[PDB]
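Student: Pasting a structure below so you can have a look.
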RNA sequence: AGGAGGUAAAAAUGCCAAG
RNA sequence: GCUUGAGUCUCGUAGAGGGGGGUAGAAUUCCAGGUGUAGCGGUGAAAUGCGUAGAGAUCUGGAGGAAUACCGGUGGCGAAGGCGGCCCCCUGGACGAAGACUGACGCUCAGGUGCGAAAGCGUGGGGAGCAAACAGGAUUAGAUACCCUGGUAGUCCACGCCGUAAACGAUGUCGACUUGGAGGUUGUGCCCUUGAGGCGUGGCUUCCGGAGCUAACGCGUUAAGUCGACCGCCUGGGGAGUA
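Residue numbers (PDB author numbering), protein chains in the order written: chain K, 1 to 100; chain b, 1 to 271; chain Z, 3 to 67; chain P, 12 to 127; chain T, 1 to 88; chain W, 9 to 73.
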């Protein structure tokens with residue numbers, strides 16, 4: 001499996017339903033042999049430019065290791081979830097377990 | 001799949017058939033057909049109201065589910081099928097309780113695909129949702145205009161409607177014409193675009209190829225005598241009138257829409 | 003770009019836009035794509051740069067200053 | 012009148028002409044004056060001096076608002092810039108901050124071919 | 001492509017042992033596994049002209065090795081091409 | 009003249025906004041390698057780091073936002 | 001040392017002459 | 001038979017190499033609205049054009065298409081044409097270290113086949129910005145031009161076609177050999193990494209220059225030097241790359 005580095009930011013009005021969103025996503029990962037190597041929640045921090053006339057989005061960090069198709073429905077989960085206002089995926093050369 | 005047929009005859013030379021090998025080569029499903037007699041363009045008074053409608057091939061009507069209101073039950077596309085009443089193809093679907101129905105065929109659809117209506121249906125082509133649940137920006141077809149009425153927009157082949165915005169109670173749709181229309185957000189729509197998208201790439205080739213499709217020859221206005229048309233007459237191919245219909249209203253650019261009833265729902269006209 | 007310095011203003015002294023552009027990106031995209039004249043005007047810009055670097059390392063003759 | 016105290020001065024220093032528009036903080040315009048309006052039709056409006064009299068002719072177009080604090084937003088390549096700000100400082104306005112809002116694309120639109 | 005365990009499967013089937021990795025029977029089989037794998041890549045994209053040049057290099061290098069093998073040992077050659085389905 | 013992760017070894021990560029702030033200017037543009045003396049390998053690395061950090065709004069694209 | 005400019009930086013027209 | 005040529009495997013590294021799909025911000029234009037007042041725009045100077053039906057300026061909201069500022073570098077990659085936002089999926093090649101393996105499998109290549117900028121062509125889309133044609137205004141002896149205001153094809157996408165270019169380092173491919181210097185870039189070994197160092201060793205690349213060569217200019221270990229293998233081509237200018 002490839003390692004990925006999912007970062008997604010959440011609408012501030014759904015910042016309270018952030019940790020409920022996490023174990024929904026881990027069960028998709030861990031339910032298909034996906035090991036998780038970070039979860040570091042960055043809380044709400046102020047955006048450097050207004051996204052959809054919002055500021056202070058809620059940042060999440062993942063650093064998981066899954067097969068290719070397993071994160072593919074996770075990416076389509078992000079497109080139709082209207083509480084996440086953007087999300088980027090990165091990849092391997094390691095599985096990293098560190099801080100900011 | 002468009003195929004340019006080889007010119008072994010005049011009238012066979014310019015034929016491009018669009019042939020789909022996935023259509024069910026067989027008889028259609030029996031309990032979803034009733035008869036559909038032609039009219040020839042004549043109404044109760046028996047007079048030809050719309051011209052150039054004529055013979056054909058005695059085609060039978062197929063009951064197509066346009067409401068798609070059997071909700072929460074999955075359905076499996078049994079086979080695609082040919083339909084002589086549309087430009088699109090139809091797909092005979094089988095619900096889990098044994099009910100068979102005809103629906104329009106979206107683009108990426110084949111036998112074995114699983115579809116579902118209702119609110120909780122997934123975002124996949126063929127699925128039917130109320131438009132307050134479809135994400136804005138999506139590409140839908142078979143769109144209603146009043147909730148529960150049916151499906152009335154984007155039904156022909158290759159046609160689709162893009163959802164542009166959503167003001168809470170209403171949904172703006174960019175229609176295939178280019179007209180941005182408003183519609184109630186509780187109306188259903190089927191995802192994806194309608195299949196058979198290369199229907200426009202066919203050419204008939206023959207005069208008779210149109211003639212067995214139902215149409216009749218359209219004799220031009222300027223060939224008639226002046227008692228028959230507002231054009232017409234002239235010793236030797238004249239024309240000196242502004243072009244009009246046979247009933248004498250301007251035909252090259254004259255806006256005939258006058259409704260004032262559903263004018264509230266049109267954000268921008270076709271351009 | 004943005005300038006305050008907040009107390010003792012007294013004078014503009016905007017080297018700040020000159021430290022980023024002040025004309026240099028604006029008197030460039032004023033017109034004229036060219037699409038290949040950059041590739042030749044960058045080349046002579048580098049060619050004159052390395053030739054004067056060869057010149058300043060070749061000044062020591064006498065010239066009687 | 013509304014009599015607002017703090018305002019924004021926009022300066023559209025193009026190559027041919029300069030436009031000095033004084034607005035409020037929100038952006039609603041209060042008064043303006045250009046180099047072409049001050050006379051100087053032709054080559055004279057493309058000079059720094061015509062920018063200077065355009066700013067002065069805009070300062071007494073907002074005397075009825077009593078603006079005392081101006082933040083300057085200069086925009087453009089023209090010779091207006093470093094002379095039309097000095098005319099606002101001599102006009103009796105307190106320059107709170109200067110910034111250039113010169114619209115620079117992040118490389119896309121094809122510019123014209125012009126002027127052989 | 002042709003990941004590391006997939007080449008390990010081929011190099012043990014055709015060679016004398018696992019470190020025997022350069023023999024003609026191994027190389028011909030190893031190219032054929034990659035050539036057959038890339039058929040699905042070009043049944044798709046079809047305009048990857050830069051990657052198809054690497055495919056034709058693998059085709060022509062396979063043909064040169066078989067033409068080497070048919071000259072040296074025609075017994076192993078006929079045993080090889082039936083073992084992968086070649087020689088149109 | 010000085011150096012970077014050629015000695016303080018790194019494989020630049022975009023989430024280190026403290027270190028990345030040193031390598032943009034006040035208008036948010038990336039400062040060139042001729043200024044900071046960064047090796048050309050790492051200047052490519054932090055260019056991708058800044059371009060990713062601009063996407064996540066951890067760094068601004070301009071100052072005029 | 002390279003970079004940027006600077007009341008400034010250009011660009012109005014300006015053909016022909018025979019062994 | 002042999003191992004140096006050629007090739008395979010293991011392990012890493014760099015990259016605008018290609019194809020597909022997403023998405024991001026800056027700007028232009030348009031649309032709507034607020035404010036607001038007579039100009040704006042343009043030029044050598046003008047006018048056409050736009051503007052009291054309220055433009056330009058400014059602010060908010062939207063819709064679109066196209067291109068990717070800064071990084072950015074005689075930097076990188078690709079057989080060449082070429083390839084620059086970011087992210088994923090699929091995929092090619094190169095190079096290095098240390099070993100193992102095959103055992104001359106090689107080099108070149110007429111005909112053949114494939115790729116091949118831009119313009120163009122076909123069908124279907126799309127169309128912001130530019131812009132052939134075209135129109136108006138200038139300039140001028142004239143101005144079918146340069147300049148200005150507009151502006152269609154096109155530029156963009158998909159799929160076919162065309163098969164050309166100052167397609168150029170105007171230098172065919174492959175191999176060997178023959179003083180140096182300063183760089184760039186990308187690997188790697190060793191030593192005190194003690195610290196950005198020191199010592200080596202590979203790949204690619206830019207500039208200067210020695211012998212030599214050249215008609216000269218110049219080329220100069222990436223040769224146009226000294227040689228070998230194979231291919232393409234030339235034989236006065238015009239007519240003519242035409243019939």
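Using N, Cα and C, we set each Cβ at its ideal position, and we do this for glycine too.
Which term fits residue 47 of chain K, buried or exposed, when burial requires 16 or more other beta carbons within 10 angstroms of its beta carbon?
Tutor: As a position in the first chain, residue 47 of chain K is number 47, starting the count at 1. By the neighbour-count rule (16 or more Cβ atoms within 10 Å), residue 47 of chain K is buried.
Student: So for residue 14 of chain Z, helix, strand or coil by DSSP?
Tutor: Position 12 of the third chain, counted from the first residue, corresponds to residue 14 of chain Z. Coil at residue 14 of chain Z, not helix or strand.
Student: Between which two residues does the beta strand (DSSP E) harbouring residue 30 of chain K extend?
Tutor: Taking the first residue of the first chain as position 1, residue 30 of chain K is located at position 30. Not the beta strand (DSSP E): residue 30 of chain K falls in the alpha helix (DSSP H), residues 19-30.
Student: What does DSSP give as the partner residue(s) for residue 172 of chain b in the beta ladder?
Tutor: Position 172 of the second chain holds residue 172 of chain b. Answer by DSSP bridge pairing, in chain order: b:165 and b:182.
Student: Could you tell me whether any Cβ in chain W is nearer than 8 Å to the Cβ of residue 25 of chain K?
Tutor: As a first step, residue 25 of chain K is located in the first chain; it is residue number 25 there, counting from the start. Answer no: the Cβ-Cβ gap between residue 25 of chain K and chain W never drops below 8 Å.
Student: Taking the straight line between their C-alpha atoms, what separation do you get for residue 60 of chain b and residue 152 of chain b?
Tutor: Translated into positions along the second chain, residue 60 of chain b becomes position 60. Translated into positions along the second chain, residue 152 of chain b becomes position 152. About 21 Å.
Student: Mapping DSSP to helix, strand and coil, what is residue 273 of chain b?
Tutor: This structure cannot speak to residue 273 of chain b, because chain b is shown only from 1 to 271.
Student: What residues in its chain sit with their C-beta under 7 Å from that of residue 54 of chain W, if we drop five residues either side in the sequence?
Tutor: Here residue 54 of chain W corresponds to residue number 46 of the sixth chain, with the count starting at 1. Within the same chain, residue 54 of chain W has close Cβ partners 20, 28 and 31.
Student: Say whether the segment 72-84 of chain b touches the segment 158-169 of chain b, bearing in mind that this needs 3 or more beta-carbon pairs closer than 8 Å, one atom from each stretch.
Tutor: Flag = no, the segment 72-84 of chain b and the segment 158-169 of chain b do not touch.
Student: Would a check of beta-carbon distances place residue 4 of chain Z closer than 8 Å to chain W?
Tutor: Position 2 of the third chain, counted from the first residue, corresponds to residue 4 of chain Z. Yes, because at least one Cβ of chain W sits closer than 8 Å to the Cβ of residue 4 of chain Z.
Student: Indicate the three-state DSSP secondary structure (helix, strand or coil) for residue 250 of chain b in the structure shown.
Tutor: Your numbering for residue 250 of chain b matches position 250 in the second chain. Residue 250 of chain b: strand per DSSP, three-state reduction.
Student: Drop a sphere of 10 angstroms on the beta-carbon of residue 158 of chain b, count the other beta-carbons inside from all chains shown, and report buried for 16 or more, exposed for fewer.
Tutor: To locate residue 158 of chain b, count along the second chain from 1; it is residue 158. When all chains shown are included, residue 158 of chain b counts as buried.
Student: Going along chain P in order, which residues have a C-beta closer than 7 Å to the C-beta of residue 72 of chain W?
Tutor: Locating residue 72 of chain W in the sixth chain gives position 64, counting from the first residue. Correct list: 112.
Student: For a cutoff of 8 Å on Cβ pairs, would you count residue 20 of chain Z as touching chain P?
Tutor: Along the third chain, read from residue 1 onward, the residue named residue 20 of chain Z stands at position 18. For residue 20 of chain Z, the answer is no, since every Cβ of chain P falls outside 8 Å of its Cβ.
Student: Taking only beta-carbon positions, decide if residue 63 of chain W is within less than 8 Å of chain K.
Tutor: What you label residue 63 of chain W is simply residue 55 of the sixth chain in a count that begins at 1. At least one chain K Cβ lies under 8 Å of residue 63 of chain W.
Student: Pop quiz: residue 31 of chain Z and residue 122 of chain P are said to be a contact at Cβ under 8 Å. What is the actual Cβ separation, rounded to whole angstroms?
Tutor: Position 29 of the third chain, counted from the start, is the residue given in the question as residue 31 of chain Z. Position 111 of the fourth chain, counted from the start, is the residue given in the question as residue 122 of chain P. Indeed, because the Cβ distance is near 6 Å, the residues count as touching under 8 Å.
Student: Below 8 Å, how does it come out for the segment 3-19 of chain Z and the segment 181-197 of chain b: are there three or more Cβ pairs, yes or no?
Tutor: No, the segment 3-19 of chain Z does not touch the segment 181-197 of chain b.
Student: Hey, how far is the Cα of residue 41 of chain W from the Cα of residue 24 of chain Z?
Tutor: On the sixth chain, position 33 is the one that residue 41 of chain W refers to. On the third chain, position 22 is the one that residue 24 of chain Z refers to. Straight-line Cα distance between these residues: approximately 21 Å.
Student: Take residue 111 of chain K as the anchor and find which of K:12, K:16 and K:39 has the nearest alpha-carbon.
Tutor: Because chain K spans 1 through 100 in this model, residue 111 of chain K falls outside it and cannot be assessed.
Student: Short check: CB of residue 102 of chain b to CB of residue 155 of chain b, under 8 Å?
Tutor: For the purposes of this step, residue 102 of chain b is taken as the residue at position 102 of the second chain. For the purposes of this step, residue 155 of chain b is taken as the residue at position 155 of the second chain. Against a cut-off of 8 Å, the Cβ pair of residue 155 of chain b and residue 102 of chain b comes out as no contact.
Student: Quick one: measure Cβ to Cβ for residue 88 of chain P and residue 29 of chain Z, integer angstroms, because I've assumed they're closer than 8 Å.
Tutor: Taking the first residue of the fourth chain as position 1, residue 88 of chain P is located at position 77. Taking the first residue of the third chain as position 1, residue 29 of chain Z is located at position 27. Contact flag correct, Cβ pair sits at about 6 Å.
Student: Identify which residue in b:110, b:148 and b:172 has its Cα closest to the Cα of residue 136 of chain b.
Tutor: To locate residue 136 of chain b, count along the second chain from 1; it is residue 136. The residue with the shortest Cα to Cα distance from residue 136 of chain b is b:172.
Student: Given a cut-off of 8 Å, decide if residue 65 of chain P and residue 45 of chain P are closer than it, judged by their beta-carbon atoms.
Tutor: As a working note, residue 45 of chain P is residue 34 in the fourth chain. As a working note, residue 65 of chain P is residue 54 in the fourth chain. A contact, by the Cβ cut-off of 8 Å.
Student: Tell me residue 108 of chain P's beta-bridge partners as DSSP assigns them.
Tutor: Here residue 108 of chain P is taken as the residue at index 97 of the fourth chain, counted from 1. According to DSSP, residue 108 of chain P bridges with P:82.
Student: Is residue 105 of chain b closer than 8 Å to residue 88 of chain b when the C-beta atoms are compared?
Tutor: Residue mapping note: residue 88 of chain b aligns to position 88 of the second chain, counting from 1. Residue mapping note: residue 105 of chain b aligns to position 105 of the second chain, counting from 1. For residue 88 of chain b and residue 105 of chain b, yes; Cβs fall inside 8 Å.
Student: Please give the ranges of any alpha helix (DSSP H) in the segment 7-61 of chain Z, keeping only runs that are unbroken, at least 4 residues long and fully inside the region.
Tutor: The segment 7-61 of chain Z contains these whole alpha helix (DSSP H) runs: 39-58.
Student: Could you check whether residue 78 of chain K and residue 87 of chain K sit closer than 8 Å to each other, using their CB atoms as the reference points?
Tutor: Within the first chain, the letter at position 87 stands for residue 87 of chain K. Within the first chain, the letter at position 78 stands for residue 78 of chain K. Yes. Within cutoff.
Student: Starting from residue 23 of chain W, find everything on chain K with Cβ-Cβ shorter than 7 Å and list it in chain order.
Tutor: As a working note, residue 23 of chain W is residue 15 in the sixth chain. Those are 100, listed as they occur along chain K.
Student: Kindly confirm or deny that the segment 26-33 of chain P and the segment 61-75 of chain P touch, where touching means at least three C-beta pairs closer than 8 Å.
Tutor: Verdict: yes, contact present.
Student: By a C-beta neighbour count over all protein chains shown, 10 Å radius and 16 as the cutoff for buried, is residue 59 of chain Z buried or exposed?
Tutor: Counting from one through the third chain, the residue named residue 59 of chain Z turns up at place 57. Answer is exposed; the Cβ neighbour count stays below 16.
Student: Within 8 Å (strictly less), CB to CB, does residue 55 of chain P reach chain Z?
Tutor: In the fourth chain, residue 55 of chain P corresponds to position 44, counting from 1. Not an interface residue.
Student: Quick one, which of P:97, P:41, P:42 and P:51 has its alpha-carbon nearest residue 16 of chain Z's?
Tutor: Along the third chain, one-based indexing puts residue 16 of chain Z at 14. With distances taken between Cα atoms, residue 16 of chain Z lies closest to P:97.
Student: For residue 4 of chain K, which residues in chain W fall below 9 Å Cβ to Cβ?
Tutor: Counted from its first residue, the first chain places residue 4 of chain K at position 4. The contacting residues do not exist; residue 4 of chain K stays about 14 Å from chain W at best.
Student: Should residue 19 of chain Z be counted as a contact of the ligand SAH given a C-beta to heavy atom distance under 7 Å?
Tutor: By its list of ligands, the structure shown contains no ligand whatsoever, and the ligand SAH lies outside what it can speak to.
Student: So, is the C-beta of residue 38 of chain Z closer than 8 Å to a C-beta in chain P?
Tutor: As a first step, residue 38 of chain Z must be located in the third chain, where it is residue number 36. It does not; no Cβ of chain P falls within 8 Å.
Student: With a threshold of 16 other CB atoms inside 10 Å of the CB of residue 44 of chain Z, please say whether the residue is buried or exposed.
Tutor: Here residue 44 of chain Z refers to the residue found at position 42 when the third chain is read from its first residue. The residue is exposed, with fewer than 16 neighbouring Cβ atoms inside 10 Å.
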